[PDB]
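J.: Take this structure first; my questions come after.
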Amino acid sequence: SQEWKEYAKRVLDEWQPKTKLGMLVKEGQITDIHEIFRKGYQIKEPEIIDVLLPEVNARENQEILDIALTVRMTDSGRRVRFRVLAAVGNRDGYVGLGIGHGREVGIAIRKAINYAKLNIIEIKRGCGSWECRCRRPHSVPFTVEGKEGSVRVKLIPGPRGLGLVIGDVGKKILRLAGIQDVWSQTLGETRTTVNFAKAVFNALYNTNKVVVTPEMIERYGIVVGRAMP
Amino acid sequence: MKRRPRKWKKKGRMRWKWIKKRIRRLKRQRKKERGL
Amino acid sequence: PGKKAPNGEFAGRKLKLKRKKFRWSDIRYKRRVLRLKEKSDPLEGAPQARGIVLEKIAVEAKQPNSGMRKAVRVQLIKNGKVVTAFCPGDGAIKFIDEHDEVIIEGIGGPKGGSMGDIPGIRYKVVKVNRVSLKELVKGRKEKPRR
Amino acid sequence: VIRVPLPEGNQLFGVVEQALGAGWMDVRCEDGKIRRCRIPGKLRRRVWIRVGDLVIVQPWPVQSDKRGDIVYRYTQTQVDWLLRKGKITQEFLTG
RNA sequence: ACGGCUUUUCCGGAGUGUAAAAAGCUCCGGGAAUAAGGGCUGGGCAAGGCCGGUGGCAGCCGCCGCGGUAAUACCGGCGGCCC
RNA sequence: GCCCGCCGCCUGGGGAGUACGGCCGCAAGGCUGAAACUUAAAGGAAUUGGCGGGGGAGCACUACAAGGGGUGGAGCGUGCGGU
RNA sequence: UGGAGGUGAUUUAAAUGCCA
Ligand SMILES: [Mg+2]
Ligand SMILES: [Mg+2]
Ligand SMILES: [Mg+2]
Ligand SMILES: [Mg+2]
Ligand SMILES: [Zn+2]
């Protein structure tokens with residue numbers, strides 16, 4: 001994990017902010033990722049995360065779902081541009097997702113890889129299926145659901161070891177956050193890879209929309225972000 | 001005539017009123033026409 | 001619409017009635033109970049049959065293609081029905097003479113109907129005079145009974 | 001010599017009595033038989049056919065009455081030149 | 001390519017098995033000797049931008065789809081992937 | 001929209017609201033309603049553009065108005081059609 | 001800010017289009 005600390009000294013000196021949060025990370029007060037989120041700041045410059053999540057750029061926390069070209073007409077023929085769906089996040093607890101556009105497949109991919117650096121959000125975890133009574137973050141804690149477009153889906157815990165079981169453009173974006181074993185009930189139309197992606201990721205957001213009282217914390221081993229490096 | 005209103009849309013067909021009237025001219029027939 | 005029809009405790013009888021009725025509006029249910037695939041099926045619902053040939057004709061394909069596929073007409077033995085057999089294998093038509101006993105299979109497409117460009121056929125050849133046709137497609141075997 | 005498409009092999013001359021329609025061509029040779037020819041998509045495309053437009057055709061061993069497959073109509077440049085030699089006789093059009 | 005070694009299998013042979021037999025099964029005697037098809041090879045779906053024939057012709061196609069003289073999508077051959 | 005009741009219909013598209021049979025009507029007709037087979041999709045909501053014998057804004061002697069001079073009609077030079 | 005409804009008007013003779 002060396003290079004992904006060398007990048008900190010490579011980057012922190014080679015950039016001046018244009019926003020404010022830029023400063024409040026550049027000058028040594030806030031230096032730990034998990035204390036910038038739950039306060040309603042704004043993320044507009046895509047380096048603040050790199051300076052604290054410097055493994056997001058590793059070509060392995062990065063995943064590229066699909067390229068799809070779209071068309072429109074003008075009175076001089078066709079005009080055509082690409083959209084790629086790209087998601088990223090370290091393989092510990094944090095994931096982000098972006099679309100982007102552009103007129104060439106490169107510019108598209110890079111633009112999207114950048115957009116998906118800002119939205120990035122964090123999770124909870126657990127193990128609370130009726131079998132894995134263990135307490136180690138290898139499954140989503142409690143059955144929750146999320147909606148988008150014309151697709152609903154509700155995730156269910158499951159025992160340590162049952163391999164990922166969801167559609168083929170869900171296995172990636174579940175693998176990134178490392179959620180390994182989880183069972184799937186689908187509705188709607190799973191053939192627009194986009195709304196699929198966005199609905200799954202929305203559910204994983206909603207993971208933090210239910211109140212778990214003090215005691216239940218030590219029933220499923222809920223965590224937040226990294227746990228036991 | 002136990003209407004089925006998906007047909008009036010006139011898309012790739014002909015009007016409905018002026019098809020009913022022509023089916024009558026054959027039901028009145030196969031009833032009258034030696035259907036005795 | 002409201003909650004649901006007999007969503008009470010005791011009215012299960014009505015509920016079984018509701019399901020027993022609305023089950024019929026299907027299409028695979030009916031085509032089985034009433035056994036309609038039976039008694040409209042020039043083989044009486046079986047996986048193969050034998051026949052005799054009558055002619056040698058040719059058919060044209062779907063709208064956006066071009067060609068004249070060859071075709072034969074078999075007269076069945078099980079029923080006296082007269083059914084339409086297509087034969088694959090380039091130029092296989094060089095062999096099927098008038099009055100040769102042949103075998104007939106399906107073509108296994110949508111619903112069991114036809115497939116591809118030849119829309120009007122439903123039956124293809126496998127064996128002639130007890131000889132597997134794929135052979136004569138690449139020769140590789142000789143032919144009995146002339 | 002000259003490229004006037006002599007009936008090669010077993011081509012037939014078809015002067016049409018009427019296009020029975022939609023590719024159906026009721027054609028006529030000097031045989032005694034009145035035929036029903038059919039047309040490809042190559043020439044249903046780039047050329048036009050009318051009554052009195054002689055074409056060459058071919059049979060299939062079926063029925064010896066109504067066969068025929070178009071591979072070249074004739075040209076007005078030779079439609080009558082082919083006569084001066086005597087390769088086509090003109091009592092199969094004119095009563 | 002050469003050098004060593006093996007004997008489940010295969011040929012001979014005995015014991016033992018069996019109602020009588022046949023198999024098997026312990027021993028010897030021989031010897032790399034006696035032992036490979038099938039389907040695929042345009043996207044679905046692992047796999048050839050490889051060569052040689054064919055001219056909206058022959059043909060392929062579970063669906064969408066190729067064939068107009070320059071075919072990864074036919075016919076071959078050469079390569080190649082799944083059991 | 002979220003919760004507790006009962007009820008009637010729909011389950012690719014056509015062939016079809018046809019067929020055969022019963023029930024009321026004086027008639028015209030009305031209520032009940034299948035199947036053989038044929039096809040790969042018919043239908044919805046929105047997005048750019050082209051067009052409109054739809055509406056506004058703004059042009060041009062290869063548009064008109066207002067003026068000047070002509071070709072079409074004759075012979076000939078010269079380019080195409082065709083024979 | 002945008003419509004949401006109503007009363008009137010609302011114009012001679014103008015048919016059709018292979019081939020990839
Ligand atoms: Mg409706
Ligand atoms: Mg090949
Ligand atoms: Mg592949
Ligand atoms: Mg008028
Ligand atoms: Zn666990």
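In the structure tokens, each chain is lettered A, B, ... as it comes, each chain's residues begin at 1, and ligands are numbered from 1 in order of appearance.
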Give the residues close to ligand 5, within 9 Å, counting only C-alpha atoms (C1' of nucleotides) and all ligand atoms; write them as a list in words.

T.: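 So, counting only C-alpha atoms (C1' of nucleotides) and all ligand atoms, the residues near ligand 5 are residues 126, 127, 128, 129, 131, 132, 133, 134, 135, 136, 137, 138, 139, 141, 158, 159, 160, 220 and 221 of chain A.
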
J.: If you run DSSP on the backbone here, which positions in segment 23-172 of chain A get strand (DSSP E or B)? Please write them as an mmCIF file with C-alpha atoms, in the first residue's frame.

T.:
```cif
data_model
loop_
_atom_site.group_PDB
_atom_site.id
_atom_site.type_symbol
_atom_site.label_atom_id
_atom_site.label_comp_id
_atom_site.auth_asym_id
_atom_site.auth_seq_id
_atom_site.Cartn_x
_atom_site.Cartn_y
_atom_site.Cartn_z
ATOM 1 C CA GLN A 62 -12.461 1.056 -10.979
ATOM 2 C CA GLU A 63 -14.972 -0.776 -13.108
ATOM 3 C CA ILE A 64 -16.426 -0.012 -16.512
ATOM 4 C CA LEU A 65 -19.915 -1.364 -17.155
ATOM 5 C CA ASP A 66 -20.846 -0.602 -20.745
ATOM 6 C CA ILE A 67 -20.333 1.612 -23.754
ATOM 7 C CA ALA A 68 -23.448 2.582 -25.657
ATOM 8 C CA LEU A 69 -23.660 4.968 -28.582
ATOM 9 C CA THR A 70 -26.622 7.280 -29.130
ATOM 10 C CA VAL A 71 -27.709 9.139 -32.246
ATOM 11 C CA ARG A 72 -29.625 12.212 -33.303
ATOM 12 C CA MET A 73 -30.412 13.686 -36.689
ATOM 13 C CA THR A 74 -29.767 17.023 -38.280
ATOM 14 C CA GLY A 77 -26.936 13.729 -41.629
ATOM 15 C CA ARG A 78 -26.365 12.007 -38.292
ATOM 16 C CA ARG A 79 -24.607 13.243 -35.159
ATOM 17 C CA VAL A 80 -23.497 10.580 -32.737
ATOM 18 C CA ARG A 81 -22.040 10.524 -29.228
ATOM 19 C CA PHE A 82 -21.161 7.956 -26.603
ATOM 20 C CA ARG A 83 -22.249 7.246 -23.043
ATOM 21 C CA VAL A 84 -20.349 4.878 -20.793
ATOM 22 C CA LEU A 85 -21.455 3.832 -17.335
ATOM 23 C CA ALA A 86 -18.578 3.855 -14.869
ATOM 24 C CA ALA A 87 -18.464 3.117 -11.165
ATOM 25 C CA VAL A 88 -15.613 3.130 -8.666
ATOM 26 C CA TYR A 94 -17.204 3.308 -0.207
ATOM 27 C CA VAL A 95 -18.658 3.539 -3.711
ATOM 28 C CA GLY A 96 -19.545 6.098 -6.339
ATOM 29 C CA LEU A 97 -21.143 6.012 -9.727
ATOM 30 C CA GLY A 98 -21.254 8.218 -12.787
ATOM 31 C CA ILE A 121 -20.988 7.569 -0.550
ATOM 32 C CA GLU A 122 -20.564 5.132 2.285
ATOM 33 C CA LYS A 124 -23.137 -0.012 6.628
ATOM 34 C CA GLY A 126 -23.383 -6.733 8.937
ATOM 35 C CA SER A 139 -23.466 -9.507 4.047
ATOM 36 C CA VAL A 144 -33.987 -3.356 2.481
ATOM 37 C CA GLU A 145 -35.176 -2.110 -0.889
ATOM 38 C CA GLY A 146 -34.759 0.690 -3.370
ATOM 39 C CA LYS A 147 -36.692 1.966 -6.340
ATOM 40 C CA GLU A 148 -35.778 3.529 -9.621
ATOM 41 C CA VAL A 151 -37.293 -1.513 -11.355
ATOM 42 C CA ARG A 152 -37.574 -2.362 -7.692
ATOM 43 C CA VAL A 153 -35.298 -4.736 -5.812
ATOM 44 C CA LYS A 154 -34.915 -5.898 -2.218
ATOM 45 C CA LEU A 155 -31.748 -7.360 -0.829
ATOM 46 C CA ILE A 156 -31.518 -10.125 1.777
#
```

J.: Which residue, D:60, D:13, D:48, D:24, has the smallest gap to chain C when you use only C-alpha atoms?

T.: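 Result for the nearest residue to chain C: D:60.
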
J.: Please identify the residues whose atoms come within 10 Å of ligand 4, using only C-alpha atoms (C1' of nucleotides) and all ligand atoms, and report them as a PyMOL selection string.

T.: chain G and resi 11-14

J.: Given the selection you just returned, output its residues as a file containing C-alpha atoms (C1' of nucleotides), formatted as a PDB file, in the first residue's frame.

T.:
```
ATOM      1  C1'   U G  11     -61.765  30.364 -49.217  1.00  0.00           C
ATOM      2  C1'   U G  12     -62.562  28.480 -56.952  1.00  0.00           C
ATOM      3  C1'   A G  13     -60.338  23.981 -59.781  1.00  0.00           C
ATOM      4  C1'   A G  14     -54.928  21.128 -57.589  1.00  0.00           C
TER       5        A G  14
END
```

J.: Counting only C-alpha atoms (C1' of nucleotides) and all ligand atoms, what residues are within 12 Å of ligand 3, given as a PDB file with C-alpha atoms (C1' of nucleotides), in the first residue's frame?

T.:
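Below you can see pocket_9.pdb, which holds the result:
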```pdb
ATOM      1  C1'   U E  41     -15.144 -22.109 -34.875  1.00  0.00           C
ATOM      2  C1'   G E  42     -20.442 -13.651 -37.035  1.00  0.00           C
ATOM      3  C1'   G E  43     -23.820 -11.476 -31.214  1.00  0.00           C
ATOM      4  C1'   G E  44     -26.470 -14.267 -27.569  1.00  0.00           C
ATOM      5  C1'   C E  45     -21.823 -17.919 -25.642  1.00  0.00           C
ATOM      6  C1'   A E  46     -15.616 -20.484 -24.999  1.00  0.00           C
ATOM      7  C1'   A E  47     -13.411 -19.826 -29.179  1.00  0.00           C
ATOM      8  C1'   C E  81     -12.186 -24.107 -28.140  1.00  0.00           C
TER       9        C E  81
END
```

J.: Select the residues contacting ligand 2 at a distance of at most 10 Å, based on only C-alpha atoms (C1' of nucleotides) and all ligand atoms, then format the selection as an NGL selection string.

T.: :E and (41 or 48 or 72-77)

J.: Please report as a PDB file with N, CA and C atoms (P, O5', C5', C4', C3', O3' and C1' of nucleotides), in the first residue's frame which residues of chain F come no farther than 10 Å from chain A, using only C-alpha atoms (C1' of nucleotides).

T.:
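Written output follows (selection14.pdb):
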```
ATOM      1  P     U F  47     -40.708  15.765 -25.154  1.00  0.00           P
ATOM      2  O5'   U F  47     -39.586  14.836 -25.789  1.00  0.00           O
ATOM      3  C5'   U F  47     -38.340  14.644 -25.141  1.00  0.00           C
ATOM      4  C4'   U F  47     -37.241  14.476 -26.145  1.00  0.00           C
ATOM      5  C3'   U F  47     -37.286  15.440 -27.305  1.00  0.00           C
ATOM      6  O3'   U F  47     -36.700  16.683 -26.984  1.00  0.00           O
ATOM      7  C1'   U F  47     -36.873  13.241 -28.086  1.00  0.00           C
ATOM      8  P     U F  48     -36.538  17.809 -28.109  1.00  0.00           P
ATOM      9  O5'   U F  48     -35.245  17.383 -28.920  1.00  0.00           O
ATOM     10  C5'   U F  48     -34.778  18.200 -29.977  1.00  0.00           C
ATOM     11  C4'   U F  48     -34.078  17.413 -31.052  1.00  0.00           C
ATOM     12  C3'   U F  48     -34.307  17.912 -32.463  1.00  0.00           C
ATOM     13  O3'   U F  48     -33.470  19.001 -32.779  1.00  0.00           O
ATOM     14  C1'   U F  48     -34.496  15.553 -32.387  1.00  0.00           C
ATOM     15  P     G F  49     -34.061  20.234 -33.609  1.00  0.00           P
ATOM     16  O5'   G F  49     -34.457  19.588 -35.008  1.00  0.00           O
ATOM     17  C5'   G F  49     -33.455  19.318 -35.972  1.00  0.00           C
ATOM     18  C4'   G F  49     -33.889  18.327 -37.018  1.00  0.00           C
ATOM     19  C3'   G F  49     -34.823  18.843 -38.081  1.00  0.00           C
ATOM     20  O3'   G F  49     -34.104  19.517 -39.085  1.00  0.00           O
ATOM     21  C1'   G F  49     -35.422  16.645 -37.406  1.00  0.00           C
ATOM     22  P     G F  50     -34.841  20.548 -40.056  1.00  0.00           P
ATOM     23  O5'   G F  50     -35.761  19.638 -41.005  1.00  0.00           O
ATOM     24  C5'   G F  50     -35.203  18.853 -42.058  1.00  0.00           C
ATOM     25  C4'   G F  50     -36.245  18.124 -42.875  1.00  0.00           C
ATOM     26  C3'   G F  50     -37.405  18.967 -43.347  1.00  0.00           C
ATOM     27  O3'   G F  50     -37.099  19.635 -44.553  1.00  0.00           O
ATOM     28  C1'   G F  50     -38.238  17.003 -42.348  1.00  0.00           C
TER      29        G F  50
END
```

J.: Under the rule of at most 12 Å, produce a per-residue listing of chain F near ligand 1: chain, number, name, the closest pair of atoms, and the distance in Å, as a tab-separated table, using only C-alpha atoms (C1' of nucleotides) and all ligand atoms.

T.:
```
residue	atom	partner	partner_atom_place_in_ligand_line	distance
F:10	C1'	ligand 1	1 (Mg)	10.2
F:43	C1'	ligand 1	1 (Mg)	9.6
F:44	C1'	ligand 1	1 (Mg)	10.9
```

J.: Using only C-alpha atoms (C1' of nucleotides), which residues sit within 12 Å of segment 13-29 of chain C once same-chain residues fewer than 2 positions away are excluded, as number ranges by chain?

T.: C: 4-11, 31-37, 111; F: 7-12

J.: Residues at most 7 Å from segment 29-33 of chain D, counting only C-alpha atoms (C1' of nucleotides), excluding those fewer than 4 positions away in the same chain, as a ChimeraX atom specification?

T.: /D:12-15,65,92

J.: Would you pick out the contacts of residue 108 of chain C at 10 Å or less, using only C-alpha atoms (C1' of nucleotides), so that residues sharing its chain but fewer than 5 positions from it are not included, and give the list as JSON, numbers by chain?

T.: {"C": [113, 114, 115, 122, 123], "E": [62]}

J.: Excluding segment 86-88 of chain D and residues on its chain fewer than 4 positions from it, collect all residues at most 9 Å away from it, counting only C-alpha atoms (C1' of nucleotides), and give them as a list in words.

T.: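 Near segment 86-88 of chain D, the qualifying residues are residues 6, 13, 80, 81 and 82 of chain D.
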
J.: Those same residues, written as a JSON list (two decimals), in the first residue's frame with C-alpha atoms?

T.:
```
[["chain", "number", "residue", "atom", "x", "y", "z"],
["D", 6, "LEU", "CA", -28.94, -17.35, -78.84],
["D", 13, "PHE", "CA", -38.29, -17.80, -76.50],
["D", 80, "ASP", "CA", -35.71, -7.36, -85.38],
["D", 81, "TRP", "CA", -32.08, -7.86, -86.38],
["D", 82, "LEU", "CA", -32.20, -11.41, -85.05]]
```

J.: Name the residues of chain C that come out as alpha helix (DSSP H) in a backbone DSSP run; write them as a VMD selection string.

T.: chain C and resid 12 to 22 30 to 33 133 to 137

J.: For atom CA of residue 101 of chain C and atom CA of residue 129 of chain C, determine how far apart the two atoms are, in Å to one decimal place.

T.: 5.9 Å

J.: Give me the residues within 12 Å of residue 119 of chain C as an MDAnalysis selection string, counting only C-alpha atoms (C1' of nucleotides) and dropping any in the same chain fewer than 6 places off.

T.: (chainID C and resid 59:63 69 84 86 107 109:110 113) or (chainID F and resid 38:39)

J.: The selected residues should be written to file as a PDB file, in the first residue's frame (atoms: N, CA and C atoms (P, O5', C5', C4', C3', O3' and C1' of nucleotides)).

T.:
```
ATOM      1  N   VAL C  59     -40.049 -24.374 -53.856  1.00  0.00           N
ATOM      2  CA  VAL C  59     -40.743 -23.251 -53.240  1.00  0.00           C
ATOM      3  C   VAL C  59     -39.815 -22.050 -53.109  1.00  0.00           C
ATOM      4  N   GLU C  60     -40.439 -20.875 -53.019  1.00  0.00           N
ATOM      5  CA  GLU C  60     -39.748 -19.597 -52.908  1.00  0.00           C
ATOM      6  C   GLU C  60     -39.748 -19.136 -51.461  1.00  0.00           C
ATOM      7  N   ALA C  61     -38.818 -18.255 -51.129  1.00  0.00           N
ATOM      8  CA  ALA C  61     -38.538 -17.952 -49.731  1.00  0.00           C
ATOM      9  C   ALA C  61     -39.348 -16.752 -49.253  1.00  0.00           C
ATOM     10  N   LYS C  62     -38.958 -16.194 -48.105  1.00  0.00           N
ATOM     11  CA  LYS C  62     -39.633 -15.045 -47.522  1.00  0.00           C
ATOM     12  C   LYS C  62     -39.377 -13.806 -48.368  1.00  0.00           C
ATOM     13  N   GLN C  63     -39.854 -12.662 -47.879  1.00  0.00           N
ATOM     14  CA  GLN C  63     -39.847 -11.449 -48.697  1.00  0.00           C
ATOM     15  C   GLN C  63     -38.432 -10.977 -49.020  1.00  0.00           C
ATOM     16  N   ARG C  69     -35.876 -23.269 -52.972  1.00  0.00           N
ATOM     17  CA  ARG C  69     -35.513 -24.483 -52.248  1.00  0.00           C
ATOM     18  C   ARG C  69     -36.296 -25.625 -52.861  1.00  0.00           C
ATOM     19  N   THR C  84     -45.696 -32.424 -46.457  1.00  0.00           N
ATOM     20  CA  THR C  84     -44.774 -31.653 -47.276  1.00  0.00           C
ATOM     21  C   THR C  84     -43.384 -31.692 -46.670  1.00  0.00           C
ATOM     22  N   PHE C  86     -39.291 -31.022 -46.728  1.00  0.00           N
ATOM     23  CA  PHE C  86     -38.138 -30.332 -47.271  1.00  0.00           C
ATOM     24  C   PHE C  86     -36.902 -31.156 -46.956  1.00  0.00           C
ATOM     25  N   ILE C 107     -39.149 -29.778 -37.505  1.00  0.00           N
ATOM     26  CA  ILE C 107     -38.111 -28.804 -37.810  1.00  0.00           C
ATOM     27  C   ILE C 107     -37.819 -27.948 -36.583  1.00  0.00           C
ATOM     28  N   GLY C 109     -38.961 -25.326 -34.537  1.00  0.00           N
ATOM     29  CA  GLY C 109     -38.833 -23.893 -34.455  1.00  0.00           C
ATOM     30  C   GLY C 109     -39.788 -23.293 -33.452  1.00  0.00           C
ATOM     31  N   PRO C 110     -40.216 -22.063 -33.689  1.00  0.00           N
ATOM     32  CA  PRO C 110     -41.211 -21.457 -32.813  1.00  0.00           C
ATOM     33  C   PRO C 110     -42.469 -22.300 -32.743  1.00  0.00           C
ATOM     34  N   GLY C 113     -43.738 -24.780 -35.179  1.00  0.00           N
ATOM     35  CA  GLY C 113     -44.250 -24.482 -36.496  1.00  0.00           C
ATOM     36  C   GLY C 113     -43.155 -24.601 -37.527  1.00  0.00           C
TER      37      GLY C 113
ATOM     38  P     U F  38     -50.105 -22.645 -40.371  1.00  0.00           P
ATOM     39  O5'   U F  38     -50.201 -21.081 -40.684  1.00  0.00           O
ATOM     40  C5'   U F  38     -50.526 -20.592 -41.983  1.00  0.00           C
ATOM     41  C4'   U F  38     -50.673 -19.096 -41.974  1.00  0.00           C
ATOM     42  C3'   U F  38     -49.560 -18.349 -41.261  1.00  0.00           C
ATOM     43  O3'   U F  38     -48.492 -18.036 -42.132  1.00  0.00           O
ATOM     44  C1'   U F  38     -51.641 -17.649 -40.415  1.00  0.00           C
ATOM     45  P     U F  39     -46.996 -17.880 -41.576  1.00  0.00           P
ATOM     46  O5'   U F  39     -47.030 -16.555 -40.706  1.00  0.00           O
ATOM     47  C5'   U F  39     -46.914 -15.290 -41.326  1.00  0.00           C
ATOM     48  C4'   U F  39     -46.911 -14.190 -40.306  1.00  0.00           C
ATOM     49  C3'   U F  39     -45.647 -14.059 -39.483  1.00  0.00           C
ATOM     50  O3'   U F  39     -44.743 -13.178 -40.128  1.00  0.00           O
ATOM     51  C1'   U F  39     -47.557 -14.051 -38.076  1.00  0.00           C
TER      52        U F  39
END
```

J.: Grab the atom CA of residue 187 of chain A to atom CA of residue 150 of chain A distance for me, in Å with one decimal place.

T.: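 Interatomic distance here is 8.1 Å.
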
J.: Enumerate, in order of chain and increasing residue number, the residues of chain C with an atom no farther than 7 Å from chain E, each with its shortest atom pair and distance in Å to one decimal, counting only C-alpha atoms (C1' of nucleotides), as a tab-separated table.

T.:
```
residue	atom	partner	partner_atom	distance
C:66	CA	E:56	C1'	5.8
C:90	CA	E:59	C1'	6.5
C:109	CA	E:62	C1'	5.9
C:116	CA	E:61	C1'	6.0
```
